[PDB]
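For reference, positions follow the sequence shown, starting with 1. Heavy atoms only: backbone and side chains are in, while hydrogens, waters and symmetry mates are out.
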Amino acid sequence: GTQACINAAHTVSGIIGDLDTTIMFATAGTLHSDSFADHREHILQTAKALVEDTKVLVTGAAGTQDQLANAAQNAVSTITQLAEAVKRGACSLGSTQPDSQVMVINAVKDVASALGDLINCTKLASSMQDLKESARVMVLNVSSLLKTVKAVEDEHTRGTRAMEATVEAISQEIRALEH
């Protein structure tokens with residue numbers, strides 16, 4: 001109940017620790033690919049599920065111990081999946097785009113931090129003003145993640161088509177020199 005909220009806090013803390021480690025590898029140019037399009041869809045679906053989870057957390061502060069436990073448990077699975085998806089999307093961008101990797105991982109890390117705050121506020125409201133402020137922060141951090149995922153994807157697409165454009169510019173200039 002309030003116990004599941006406590007367990008949630010531990011899991012969220014470890015997720016954030018793991019994201020901090022990943023950002024370290026990205027910063028050092030060592031987070032390599034092992035498509036972004038696959039992962040972006042998965043990131044967006046999960047992110048949208050987290051907003052629904054937030055709504056249900058907030059009503060859970062007014063509901064039963066089982067409603068509360070289920071609401072914490074749900075939001076924890078959702079942020080677990082989101083964190084895994086964003087890491088896979090960051091790896092697929094590859095170590096030639098370290099600023100993009102770092103930005104997107106930091107954006108999910110902010111959602112994880114805000115969710116831990118909301119979950120703690122829900123626990124304590126089960127304080128009402130603290131909950132209202134944390135639910136707002138959560139949905140804003142989610143909106144920031146969605147904007148980041150767009151900005152990183154636009155840059156990725158841009159980089160690819162520019163590379164293609166350059167290669168064909170070099171060719172056309174060889175064909176021109178040949179005539």
Side-chain angles (χ1 to χ4, degrees), residues 1-2 4-28 30-31 39-93 98 100-128 130-131 133-152:
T2 41
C5 285
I6 292 170
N7 300 1
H10 295 281
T11 308
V12 166
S13 254
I15 289 167
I16 288 161
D18 177 70
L19 297 167
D20 282 326
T21 298
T22 311
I23 283 159
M24 196 176 64
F25 306 161
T27 293
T30 76
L31 191 66
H39 304 301
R40 178 251 299 149
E41 182 184 48
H42 195 195
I43 295 161
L44 311 176
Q45 275 173 319
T46 52
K48 276 129 159 163
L50 212 43
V51 178
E52 290 306 312
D53 287 350
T54 291
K55 294 185 172 168
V56 170
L57 276 167
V58 165
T59 55
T64 68
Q65 286 296 299
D66 297 309
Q67 278 183 286
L68 181 54
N70 288 346
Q73 275 152 9
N74 289 348
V76 163
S77 302
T78 301
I79 190 61
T80 300
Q81 294 174 14
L82 183 58
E84 300 166 338
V86 178
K87 291 178 36 190
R88 283 191 293 264
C91 294
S92 78
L93 289 173
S100 300
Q101 294 179 314
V102 166
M103 196 183 176
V104 77
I105 298 161
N106 256 304
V108 190
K109 194 173 82 75
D110 287 349
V111 169
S113 294
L115 175 65
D117 283 4
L118 174 61
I119 286 174
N120 174 70
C121 286
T122 299
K123 192 186 94 215
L124 301 179
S126 173
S127 86
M128 285 300 311
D130 295 346
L131 171 71
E133 187 59 20
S134 59
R136 122 152 223 115
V137 167
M138 172 72 175
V139 184
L140 293 184
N141 274 264
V142 171
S143 165
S144 301
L145 172 62
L146 301 198
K147 293 192 296 278
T148 300
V149 170
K150 184 210 310 132
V152 151

May I ask you to test the [X]-[Y] pair for a side-chain heavy-atom distance under 4.5 Å?
X    : Y    : answer
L31  : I105 : yes
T11  : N7   : no
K147 : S143 : yes
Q101 : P98  : yes
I43  : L146 : no
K109 : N106 : yes
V137 : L140 : no
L124 : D130 : no

**Electrostatic pair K55:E52 at N-O distance under 4.0 angstrom** = yes
Under a 3.5 Å distance rule, please check whether [X] uses its side chain to pair with a backbone N or O of [Y] as donor and acceptor.
X   : Y   : value
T46 : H42 : yes
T22 : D18 : yes
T78 : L50 : no

**Item:** Partners passing side chain to side chain donor-acceptor pair (under 3.5 Å) against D117 (at least two apart in sequence or in another chain)
**Value:**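 Scan of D117 (side chain to side chain donor-acceptor pair (under 3.5 Å), adjacent residues dropped) gives none.
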**Item:** Side chains of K123 and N120, donor plus acceptor under 3.5 Å
**Value:** yes
**Prompt:** Taking only residues two or more places apart in sequence, or in another chain, which ones meet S126 in a side chain to side chain contact (heavy atoms under 4.5 Å, CB included)?
**Reply:** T2, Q65, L68
